[PDB]
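Below you'll find the structure, written out as structure tokens, and then a few comments.
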Amino acid sequence: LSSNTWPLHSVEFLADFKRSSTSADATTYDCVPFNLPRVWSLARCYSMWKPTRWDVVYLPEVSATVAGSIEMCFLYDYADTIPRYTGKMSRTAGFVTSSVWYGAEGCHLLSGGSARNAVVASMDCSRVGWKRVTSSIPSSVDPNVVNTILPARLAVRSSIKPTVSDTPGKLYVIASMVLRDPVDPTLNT
Amino acid sequence: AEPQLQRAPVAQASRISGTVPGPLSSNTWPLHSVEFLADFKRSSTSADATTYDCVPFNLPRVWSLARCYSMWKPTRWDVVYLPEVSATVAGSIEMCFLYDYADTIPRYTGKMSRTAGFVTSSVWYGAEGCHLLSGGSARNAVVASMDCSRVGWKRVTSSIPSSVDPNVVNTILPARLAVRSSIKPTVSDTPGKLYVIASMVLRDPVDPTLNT
Amino acid sequence: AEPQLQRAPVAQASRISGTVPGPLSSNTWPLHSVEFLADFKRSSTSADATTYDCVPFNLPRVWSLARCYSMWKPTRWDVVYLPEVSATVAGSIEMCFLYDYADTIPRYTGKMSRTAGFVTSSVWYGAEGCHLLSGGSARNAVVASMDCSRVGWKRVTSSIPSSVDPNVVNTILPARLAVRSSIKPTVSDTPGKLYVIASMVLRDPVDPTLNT
Amino acid sequence: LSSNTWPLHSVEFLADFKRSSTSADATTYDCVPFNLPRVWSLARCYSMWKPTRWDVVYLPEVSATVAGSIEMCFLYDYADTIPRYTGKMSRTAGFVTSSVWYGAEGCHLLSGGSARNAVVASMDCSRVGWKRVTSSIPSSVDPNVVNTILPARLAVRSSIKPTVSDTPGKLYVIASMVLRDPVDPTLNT
Amino acid sequence: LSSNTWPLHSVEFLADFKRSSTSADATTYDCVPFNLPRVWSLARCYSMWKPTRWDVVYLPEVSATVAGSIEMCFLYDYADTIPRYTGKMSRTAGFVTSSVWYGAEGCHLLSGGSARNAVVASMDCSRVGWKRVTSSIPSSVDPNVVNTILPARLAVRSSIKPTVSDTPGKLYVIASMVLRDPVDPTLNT
Ligand SMILES: [Ca+2]
Ligand SMILES: [Ca+2]
Ligand SMILES: [Ca+2]
Ligand SMILES: [Ca+2]
Ligand SMILES: [Ca+2]
């Protein structure tokens with residue numbers, strides 16, 4: 001309800017699903033407001049935030065004959081190593097893989113929501129507490145310090161290496177959060 | 001019957017939803033176990049208590065399972081003292097828990113007694129604690145219980161950042177068990193054993209090889 | 001449940017059968033309406049009757065709907081005269097219908113009377129015709145009915161080819177309403193109003209912007 | 001009730017029904033408070049107004065043998081063209097026509113109200129929102145700007161052209177409105 | 001509650017109450033999100049806004065010996081003339097006046113409630129519809145065009161001309177609104 005607490009449901013483009021022709025490493029995305037321009041514009045006006053939903057849906061835009069799959073999972077510890085292959089991915093939390101060309105049915109999740117044959121990677125938000133809204137990540141520090149601000153990292157991996165670097169789809173985030181103690185957007189770091 | 005005239009699709013989505021099935025694939029996994037913690041070492045020169053980090057990687061068997069999950073939350077953690085000395089042995093075992101890495105390790109009985117979870121016992125008392133490790137009956141056991149209520153979900157690590165601000169260590173270390181000898185024998189000895197009766201909940205799987 | 005492994009087809013036919021759904025998409029559409037036709041203008045110099053083409057585009061509201069169809073067929077077309085003058089006003093209104101564009105417009109009572117659908121009335125008679133425009137009761141109304149039986153399906157047009165053989169005009173013009181004043185006032189005036197009570201059937205839709 | 005909202009029911013002479021001997025165009029009257037002197041005296045004391053009734057009744061005062069009729073309808077868009085003839089009138093909203101000499105029975109509408117054989121032109125007020133009380137109309141501007149302040153225009157037309165310009169009757173408005181935020185009558189424009 | 005809608009309660013510094021040593025005219029403040037940095041940072045992420053509260057509190061910070069008082073009122077029509085004097089201010093909506101050194105007791109209004117001894121000027125928000133969020137105002141246009149985006153203007157005046165221009169206190173806005181259709185903050189005009 002109220003008393004220094006504003007609930008928020010947003011949908012925003014997160015990033016392009018990029019496939020490397022050389023690296024087998026997954027690309028990680030920090031599940032924090034400053035990574036979503038519009039949501040950041042809102043969140044930066046508050047000192048604290050608490051994710052309630054945070055779901056990343058993959059929407060493809062390539063031929064149905066393209067080869068490969070997209071793999072997704074969430075990493076809840078910054079200290080944890082970024083998956084360099086399918087098993088590592090298949091073994092971790094929120095795992096989900098689907099042919100790179102599949103997914104369009106997920107557009108219904110964006111507008112409204114009837115996730116059926118949607119390719120989503122849901123983050124474990126239950127038991128995720130009030131974190132401090134920051135404008136950056138102290139990567140140069142002990143992973144434990146980072147954990148303080150990073151609820152989780154989305155790991156996205158190309159099941160295979162295309163002959164040329166490419167992007168067969170896009171990742172959109174459907175976030176739901178509550179914001180708490182106001183701050184001047186310009187002083188929020 | 002008639003041969004079926006299969007229609008060949010340009011492709012066919014290959015999809016898997018959720019961590020691949022197996023022993024540790026559930027979102028969460030509760031685990032209870034008895035784990036040998038250490039020998040109750042009695043220094044003959046130092047009066048300082050010995051510290052033990054109450055974290056999964058310090059429990060060999062539990063760690064095997066725990067490293068497959070990224071988050072854990074202690075639910076029980078109880079350390080039982082088992083005497084292996086006669087009733088002629090003088091001395092006492094002192095145990096308590098330190099919930100802030102920045103806090104100083106007690107160097108004497110008074111300090112130990114003023115600390116949470118405090119407990120003392122004739123070094124030769126508590127053999128009935130053997131039955132605790134299996135069935136139950138902590139009636140006559142020497143146990144040091146860690147305050148687990150209010151302990152939140154901690155990240156599972158394979159190490160402790162020791163030369164770092166105690167505050168960052170606290171983010172991973174729910175508590176430390178402090179074990180002290182009420183007296184200094186003429187020579188270092190080992191009056192008994194310390195076994196941990198841990199109970200925890202693991203959450204959010206992760207490839208073990210990535211877990212650090 | 002299990003994620004469904006969708007089979008991707010080389011394509012997928014995109015098909016629509018029949019005029020896209022909406023207000024005027026039916027093969028045919030019947031429409032009844034009251035439409036102001038014109039003022040009963042009484043010339044003070046000419047004895048010639050005034051002509052009115054009984055076609056949809058001459059009925060603003062009806063035309064809005066009618067232009068969405070390519071074919072129409074009149075079912076009723078009745079023109080009611082409404083007096084707006086006192087019972088001291090001399091003169092009569094004469095009405096009849098001309099079913100051939102080539103036919104000469106009557107210039108006098110005798111000619112008018114010899115023409116189909118003929119009708120005359122004291123210019124101050126027929127106010128009860130107001131109730132016709134809504135409910136009914138043509139008992140005391142001055143109405144000129146057009147012979148609609150036997151009138152076939154006519155193409156809907158947005159114009160009349162006037163400087164063309166009357167025979168080609170006839171293909172689009174079911175009939176003309178001829179209105180005449182039995183007398184010449186000392187100066188042009190407007191004794192009443194002419195309202196049309198049309199009933200027609202529209203058929204075979206067409207984008208309005210194409211309809212001409 | 002109250003809290004910056006004063007309800008008001010008034011009756012005022014609107015204008016003379018004028019018949020042109022040359023023009024067939026209708027005469028339009030802006031349905032706004034500043035067109036009614038007494039009502040204006042009241043309305044100008046408020047920033048906002050919202051019409052609830054606005055009815056214009058025609059009361060005749062000519063011989064029963066005079067020729068012609070009075071036509072009335074409302075125009076809800078300033079961009080809309082002023083009716084130049086009976087059909088245009090008969091086709092629009094609130095249409096009503098009656099012999100120029102008929103109407104006297106409408107005097108009962110003025111005092112009390114039993115509109116039966118009354119010649120009234122009612123404006124569509126339902127769904128008409130809070131408009132700003134103004135002292136004028138910006139005719140020189142886009143009709144859409146005008147719409148902002150003009151709920152509607154009453155269109156009055158003479159069904160015929162008398163041989164001489166004349167006025168066979170008068171139009172009286174029976175308005176009902178609510179006024180809202182006070183302003184100094186002298187600063188209200 | 002949902003589907004393009006969430007309430008927002010905020011408190012922000014509006015402006016310094018400046019007293020002109022020469023002018024008796026009232027200063028005017030446009031009550032729109034873009035005039036409140038933080039609130040703007042939030043509102044700009046939405047296409048439409050609707051003020052639910054909007055209250056401006058005067059909090060003094062001068063000696064109990066300063067003479068003169070502050071006068072406040074709201075103008076709901078851009079076309080309306082700005083009050084030149086006390087009588088004029090006193091006759092317009094939301095009018096409130098108070099000795100320039102009084103009002104400190106209204107600080108708990110900023111956090112919590114009890115406008116019990118506050119110097120607040122409340123804007124009539126009931127019946128204020130959805131307005132498009134804008135990054136500016138067309139000041140050179142017909143007032144009616146401006147009224148489209150401007151719910152109201154706060155008029156602040158000094159009942160006295162000090163010997164030298166000075167600022168006896170500050171104005172703080174306590175706004176409560178609902179935003180509606182998402183829009184990229186950078187594309188909002
Ligand atoms: Ca911050
Ligand atoms: Ca880890
Ligand atoms: Ca045609
Ligand atoms: Ca005004
Ligand atoms: Ca905008």
Original post:
How large is the helix-only mean residue ellipticity at 222 nm for chain C, computed as the sum of -39500 (n - 2.57) over DSSP H runs with n ≥ 4, divided by its residue count, in deg cm²/dmol to the nearest 500?
Top reply: -1500 deg cm²/dmol
Subject >> Nitroxide proxy distance, nm - points 7 Å out along Cα→Cβ at E:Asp184 and C:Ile183 >> reply: 7.9
**OP:** In nm, give the distance between the simple-model label positions of C:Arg61 and B:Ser163, each being 7 Å from the Cα along the Cα-to-Cβ direction.
**Re:** 9.3
Original post:
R0 = 25 Å: FRET efficiency of D:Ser176 with D:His108, Cβ-based, nearest 0.05?
Top reply: 0.90
Original post:
So what's the convex hull volume per residue for the Cα atoms of the protein assembly as shown, in Å³?
Top reply: 313
Original post:
Using the alpha-carbon centroid of each, what span in Å lies between region D:157-184 and region E:79-151?
Top reply: 36
Original post:
Among B:188-196, B:75-83, B:6-14, what's the highest-first ranking by average C-beta atoms within 10 angstrom per residue?
Top reply: B:75-83, B:188-196, B:6-14
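Taking 45 Å as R0, compute the FRET efficiency from the Cβ-Cβ separation of D:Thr167 and E:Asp25 and round it to 0.05.
Working: r = 47 Å, r/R0 = 1.05.
The pair D:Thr167/E:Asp25 has a calculated efficiency of 0.45.
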Original post:
Tell me which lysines have Cα within less than 25 Å of C:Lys184's Cα, excluding those fewer than 8 residues away on the same chain?
Top reply: C:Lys41, C:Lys111, C:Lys193, D:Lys161
**OP:** Would you list which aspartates and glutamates come within 14 Å of E:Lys18, measuring only between C-alpha atoms, while excluding same-chain residues fewer than 8 positions from it?
**Re:** E:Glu61, E:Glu71, E:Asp166
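Residue by residue through A:3-10, how many Cβ atoms from other chains fall within 10 Å of the Cβ on average? Working shown, then result.
Working: counts 2, 2, 1, 6, 4, 4, 5, 2.
Per-residue shielding by partner chains comes out at 3.
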**OP:** Pull up the cross-link candidates among the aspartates and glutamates for A:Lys131, meaning alpha carbon to alpha carbon under 13 Å and not fewer than 8 places away within one chain.
**Re:** A:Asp181
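In nm, what is the difference between 0.36 nm times the number of residues separating D:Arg84 and D:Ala115 and their Cα-Cα distance? All intermediate terms of the calculation are to be shown ahead of the outcome.
Details: separation 31, 0.36 × 31 = 11.16 nm, distance 2.83 nm.
Length gained, D:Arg84 through D:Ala115: 8.3 nm.
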Original post:
Dimensions of chain E along principal axes (Cα, Å, largest first)?
Top reply: 53, 39, 28
Original post:
Based on the Cβ-Cβ distance from A:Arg53 to C:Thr209, what FRET efficiency comes out when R0 is 35 Å, to the nearest 0.05?
Top reply: 0.15
Subject >> Span from the region D:1-24 Cα centroid across to the region C:1-32 one, whole angstrom >> reply: 53
**OP:** Could you sort E:31-39, A:139-147, B:105-113 so that the peptide with the highest average Cβ count within 10 Å comes first and the rest follow in order?
**Re:** E:31-39, A:139-147, B:105-113
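Going by average Cβ neighbours within 10 Å, how do the peptides D:49-60, C:50-61 rank, with the highest at the top? Write down the numbers at each step before the final one.
Working: D:49-60: 20.9, C:50-61: 18.6.
Put in order of decreasing packing, that is D:49-60, C:50-61.
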Subject >> log₁₀ of I(q)/I(0) at q = 0.09, 0.14, 0.18 Å⁻¹ - chain B, Debye sum with one point per alpha carbon >> reply: -0.43, -0.88, -1.27
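Any read-out appearing in this document is the output of simple, stated calculations on the displayed coordinates, not a laboratory observation. With ideal geometry, Cβ positions are generated from the backbone for all residues, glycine too; neighbour counts draw on all protein chains shown.
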